[PDB]
Amino acid sequence: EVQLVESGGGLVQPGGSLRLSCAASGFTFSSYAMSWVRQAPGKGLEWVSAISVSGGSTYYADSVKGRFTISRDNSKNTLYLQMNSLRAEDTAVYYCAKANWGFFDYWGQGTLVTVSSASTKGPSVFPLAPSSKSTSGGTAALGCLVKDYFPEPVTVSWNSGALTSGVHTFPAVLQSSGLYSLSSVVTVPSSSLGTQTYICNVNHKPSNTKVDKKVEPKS
Amino acid sequence: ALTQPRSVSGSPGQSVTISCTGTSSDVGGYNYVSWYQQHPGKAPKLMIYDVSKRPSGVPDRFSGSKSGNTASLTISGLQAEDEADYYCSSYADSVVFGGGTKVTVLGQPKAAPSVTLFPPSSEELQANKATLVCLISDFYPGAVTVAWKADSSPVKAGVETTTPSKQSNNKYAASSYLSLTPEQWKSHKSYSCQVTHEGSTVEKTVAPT
Amino acid sequence: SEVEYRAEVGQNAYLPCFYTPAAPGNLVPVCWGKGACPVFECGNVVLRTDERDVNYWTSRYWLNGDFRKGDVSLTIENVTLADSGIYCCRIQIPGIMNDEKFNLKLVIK
């Protein structure tokens with residue numbers, strides 16, 4: 001029932017600016033202090049900033065003091081983080097949390113903020129055509145190669161979300177080129193091939209890339 | 001300001017305990033210590049707050065204590081689920097976090113990896129490129145060695161392999177991609193992906209024909 | 001500091017807390033809680049005010065002074081030995097890390 005939804009993250013140039021929002025539901029937001037906690041990829045937790053119940057007093061980590069400004073809109077049940085003069089060190093997943101008197105009971109599924117002099121790159125999607133080479137029984141494995149994209153994330157769905165069972169979207173590889181690449185596979189009945197159509201729906205929001213690849217068996 | 005052990009490991013059913021060492025101004029003269037659990041692609045979970053206070057929905061088997069400057073989270077009777085990253089926090093003067101502790105539940109049965117090798121698509125080759133996709137899944141322990149081979153000869157160049165990522169079911173999944181030219185792909189009789197796990201190699205082969 | 005505030009079981013405890021508003025009418029949010037002042041807000045809150053009036057209240061714990069004039073002293077009525085301990089009075093002076101944290105020792109006998 002308690003929900004926190006972070007929005008506003010993406011790719012910013014070093015020195016740039018970005019505004020994060022957090023929509024609160026399921027509780028009396030008006031009566032709890034709130035904060036932002038960040039996590040650099042594959043690293044630990046670091047508290048960023050907090051705001052008093054009233055909104056009148058704000059508290060910040062030395063790393064962000066002067067550059068970031070936390071604010072709340074009790075009428076819109078929203079928490080904001082204005083990040084200015086950004087640096088690569090600020091690249092992290094920014095979680096919005098219900099801070100009580102220093103502890104975070106409720107957290108949202110964070111927003112990724114990527115600070116790089118690099119520019120976004122949409123992926124090239126290729127069909128990974130079926131063969132039951134590695135599958136026991138009357139199942140065949142087919143998929144999608146989502147090649148060279150930046151930054152994370154990419155979202156793969158199958159048959160517009162209608163196909164859910166047997167899907168495995170693999171974690172992306174970070175190639176030497178600085179670009180990510182991932183694969184999504186689905187294990188389907190071998191008998192259905194030839195009638196049942198399989199399409200992967202790749203979405204890279206950072207570059208406005210929407211791709212729908214029909215993966216068919218080759219000759 | 002807060003130091004935790006990098007890893008603690010125990011067998012299922014064991015009582016296990018994570019320490020959190022701070023100063024007399026952090027953990028010492030204050031009852032303001034929290035503990036968070038974090039599984040793979042999830043946000044942290046408040047396990048204990050105010051040293052010992054346990055939120056609703058946190059199992060009885062998680063207990064919090066403090067002696068002097070060393071707060072301790074004790075997981076009584078370990079379960080496979082309990083395999084996560086654990087961070088302690090002090091919130092007396094500022095919000096500080098420990099380095100985290102990887103709790104490893106030892107008893108767990110070995111699962112050999114399942115390999116699926118895909119050759120380059122006709123689509124990719126028409127775009128003058130080639131990628132061999134080796135997908136490794138459901139293996140425990142979470143450690144593999146991927147070795148690519150063109151016919152019999154080994155291939156070092158073009159290989160990009162992920163670190164094994166802990167799936168939902170405590171098992172692991174990895175992927176290796178071999179970047180080739182269409183010329184290199186068509187020039188060899190076959191290409192092999194060899195995954196070695198707990199001293200046992202699983203090989204999958206693809207051929208340009 | 002050796003500073004204590006005393007009460008016998010049954011009496012009302014009187015813990016003092018004060019601020020001076022920057023201008024007449026400009027109240028600063030204040031909170032009271034059982035236990036020393038943490039990073040922010042109050043540990044185990046019993047009372048809270050904003051820039052207007054009292055937003056969170058609990059029975060036995062009252063601001064019976066002129067809180068509108070900066071007298072945010074607390075009154076804990078009918079005390080038990082359980083009430084003994086440190087109490088936080090946080091004067092939330094507006095702005096970036098400006099808060100006045102007051103730890104007050106209550107001793108019940």
# chains A, B, ... in the order shown; residues from 1 in each chain; ligands from 1
>>> interface_residues(of="chain B", to="chain A", cutoff="7 Å", atoms="only C-alpha atoms", output="ChimeraX atom specification")
/B:34,43,46,49,91,95,97,99-100,115-116,118,121,123-124,160-162
>>> residues_around(residues="residue 58 in chain C", least_positions_apart="5", cutoff="9 Å", atoms="only C-alpha atoms", output="PyMOL selection string")
chain C and resi 45-47
>>> write_last_selection(atoms="N, CA, C and O atoms", output="short mmCIF file (atom, residue, chain, number, x, y, z; two decimals), in the first residue's frame")
data_model
loop_
_atom_site.label_atom_id
_atom_site.label_comp_id
_atom_site.auth_asym_id
_atom_site.auth_seq_id
_atom_site.Cartn_x
_atom_site.Cartn_y
_atom_site.Cartn_z
N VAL C 45 8.69 10.72 18.91
CA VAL C 45 7.93 11.98 18.98
C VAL C 45 6.74 11.87 19.91
O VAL C 45 6.04 10.86 19.87
N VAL C 46 6.48 12.93 20.68
CA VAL C 46 5.32 13.04 21.57
C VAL C 46 4.50 14.30 21.21
O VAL C 46 3.32 14.40 21.55
N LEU C 47 5.16 15.29 20.57
CA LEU C 47 4.56 16.57 20.21
C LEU C 47 5.35 17.24 19.10
O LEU C 47 6.58 17.18 19.08
#
>>> residues_around(residues="range 21-34 of chain C", least_positions_apart="2", cutoff="10 Å", atoms="only C-alpha atoms", output="PyMOL selection string")
(chain A and resi 52-57) or (chain C and resi 17-19+36-38+41-57+61-63+67-70+72-74+83-94+99-104)
>>> select_by_dssp(residues="range 170-215 of chain A", states="strand (DSSP E or B)", output="NGL selection string")
:A and (173-174 or 180-189 or 199-204 or 209-214)
>>> closest_atom_pairs(of="chain B", to="chain C", cutoff="6 Å", atoms="only C-alpha atoms", output="tab-separated table")
residue	atom	partner	partner_atom	distance
B:91	CA	C:39	CA	5.4
B:92	CA	C:38	CA	4.5
B:93	CA	C:39	CA	5.0
B:94	CA	C:39	CA	5.0
>>> write_last_selection(atoms="N, CA and C atoms", output="PDB file, in the first residue's frame")
ATOM      1  N   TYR B  91      22.463   7.180  12.945  1.00  0.00           N
ATOM      2  CA  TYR B  91      21.780   8.428  12.655  1.00  0.00           C
ATOM      3  C   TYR B  91      21.668   9.333  13.899  1.00  0.00           C
ATOM      4  N   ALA B  92      22.788   9.505  14.611  1.00  0.00           N
ATOM      5  CA  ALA B  92      22.809  10.348  15.806  1.00  0.00           C
ATOM      6  C   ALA B  92      23.138  11.786  15.462  1.00  0.00           C
ATOM      7  N   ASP B  93      24.265  12.019  14.774  1.00  0.00           N
ATOM      8  CA  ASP B  93      24.706  13.360  14.372  1.00  0.00           C
ATOM      9  C   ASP B  93      24.475  13.585  12.868  1.00  0.00           C
ATOM     10  N   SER B  94      24.657  12.539  12.049  1.00  0.00           N
ATOM     11  CA  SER B  94      24.416  12.525  10.612  1.00  0.00           C
ATOM     12  C   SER B  94      23.996  11.123  10.228  1.00  0.00           C
TER      13      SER B  94
END
>>> atom_distance(atom1="CA of residue 194 in chain B", atom2="CA of residue 41 in chain A")
29.0 Å
>>> residues_around(residues="residue 78 in chain C", least_positions_apart="2", cutoff="8 Å", atoms="only C-alpha atoms", output="ChimeraX atom specification")
/C:9-13,60,76,80
>>> write_last_selection(atoms="C-alpha atoms", output="compact mmCIF listing (two decimals), in the first residue's frame")
# COMPACT_ATOMS: atom_id res chain seq x y z
CA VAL C 9 5.68 9.53 40.60
CA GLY C 10 2.26 11.20 40.15
CA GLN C 11 3.45 14.84 39.79
CA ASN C 12 3.67 16.73 36.49
CA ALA C 13 7.19 17.05 34.99
CA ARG C 60 -0.04 13.94 28.91
CA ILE C 76 4.27 15.67 31.17
CA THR C 80 5.58 7.09 36.09
